[PDB]
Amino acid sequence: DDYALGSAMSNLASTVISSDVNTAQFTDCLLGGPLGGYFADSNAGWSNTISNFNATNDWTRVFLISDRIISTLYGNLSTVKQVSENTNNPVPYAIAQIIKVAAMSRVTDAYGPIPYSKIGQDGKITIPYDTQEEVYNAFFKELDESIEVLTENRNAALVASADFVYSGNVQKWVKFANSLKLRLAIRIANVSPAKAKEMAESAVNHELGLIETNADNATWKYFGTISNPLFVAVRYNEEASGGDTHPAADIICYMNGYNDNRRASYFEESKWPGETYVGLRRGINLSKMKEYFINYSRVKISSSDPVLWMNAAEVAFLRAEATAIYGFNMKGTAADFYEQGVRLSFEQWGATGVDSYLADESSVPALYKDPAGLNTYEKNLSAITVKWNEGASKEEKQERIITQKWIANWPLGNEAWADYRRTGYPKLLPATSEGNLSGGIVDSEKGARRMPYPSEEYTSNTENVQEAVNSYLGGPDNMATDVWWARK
């Protein structure tokens, strides 16, 4: 029962989704959530937001600049490394490296090229950037090292107090490492198919497997005495608006159309007459909605809830896409993996009626008729249905997999955003004409493709950030330019 390792491990865990409310608000409530189609901003006082594409630097820089992310990560990695090397015990540092990848994947996925390999002990980013490809190559190398070490020490354990993800269970850490490896492999499957295949198939071939049961979901079980940060953030200003962040129209439209029994687990009911679940539209004129925010459905969440990093459902949907779209050898069939993912999701949230849900070949995502009468979407959403069809086209299979993966990944907005950019699925609603404050830079139908680099970097690391933009980014440093694995 050591404070120093314990404190370090928790610090590392916090660099994924921070326990600091305002940091988590920025990374996941105001950025990930809306860009991934789960959340919608709901504070009339915000004249500049990420969702409206006119965000100021203090909103966009957080992943790359916040002390609670990179500086904290590398400072604490160094501590755990010392402990491992000075107690001749490689387990703690191997687990720390897995958390490193979980944290920094979100960072590169937000900006594209980033400092990574050249970040020294001190955690400073005043050094040359890596290409996003080099970053991903290092991720794979790092995960493989951790997997090898932990598998050699599969019967070892961390103390429970040093691990509120898995209570020091080394085998679950290996499963998460293989699972994360599969996520990142599929991430690069369009741009780097041979590498993706090798990493995807390697993950599934490992003797300890992936996250296959909800009992092994990667969630940070840190809260109860300390409040869940997402809880506090989305509940801010509750009395006036119902909350600073509401569930998005998109997710609720899909789930309403499918009569999805998971809705009761995701959302609180709206105050709009006749409509149990109503989401708030993203990329809208916020000032006009001041008086109406409070009527929409809200995020169902408790101050003691764990924070999700990755679930068993996603792993099934990854294997489904790996086989069906990319032709990788996943030791199974797409039809099985798709249904297993949906079943795992229903079970995760305690919803019943999955059989009828999986048999539904006629229900489609619902229209968005705005009960406030301000942001009604005049067109139809996708006609993609639930029931697996083996004879369907590749495009339909991919839309089917990603749509269900997306629903099942509530509320992992950053992951949903990455999948939306890689695949184009699910078919998210566009920003409105008034809500797109990009001055023409952002296409309302495509949304934000990345965050711009921090102004701090142009000031203090000028030559290096300019190299990244001129040599690695393949476009201007704005929200319209796609990242490497998303380039079409």
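The first residue of the shown sequence is 1; numbering continues from there.
Asker: On average, which has the higher Cα B-factor in the deposited entry, 13-21 or 462-470?
Answerer: Higher of the two, by average CA B-factor, is 462-470.
Asker: If you take the mean CA temperature factor per stretch, which one wins between 277-285 and 79-87?
Answerer: Stretch with the higher mean C-alpha B-factor: 79-87.
Asker: Among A218, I114, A416, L367, which carries the highest Cα B-factor?
Answerer: In the PDB entry, the greatest C-alpha B-factor among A218, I114, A416, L367 is found at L367.
Asker: Comparing recorded Cα B-factors across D109, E399, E238, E314, which one is largest?
Answerer: In this record, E238 carries the highest C-alpha B-factor of the candidates.
Asker: By its CA B factor, does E321 count among the lowest, middle or highest third of the modelled residues in the chain?
Answerer: Lowest third, going by the recorded CA B-factors of the chain.
Asker: Ranked by Cα temperature factor within the chain, is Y254 in the lowest third, the middle third or the highest third?
Answerer: It belongs to the middle third of the chain when residues are ordered by C-alpha B-factor.
Asker: Quick one: classify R262 as lowest, middle or highest third of the chain based on its Cα B-factor.
Answerer: Within its chain, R262 is a middle-third residue by C-alpha B-factor, going by the deposited values.
Asker: Please say which third, lowest, middle or highest, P454 falls into when its CA temperature factor is compared across its chain.
Answerer: Its C-alpha B-factor belongs to the middle third of this chain's values.
Asker: Among the modelled residues of its chain, does the C-alpha B-factor of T352 lie in the lowest, middle or highest third?
Answerer: Highest third of the chain for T352's C-alpha B-factor.
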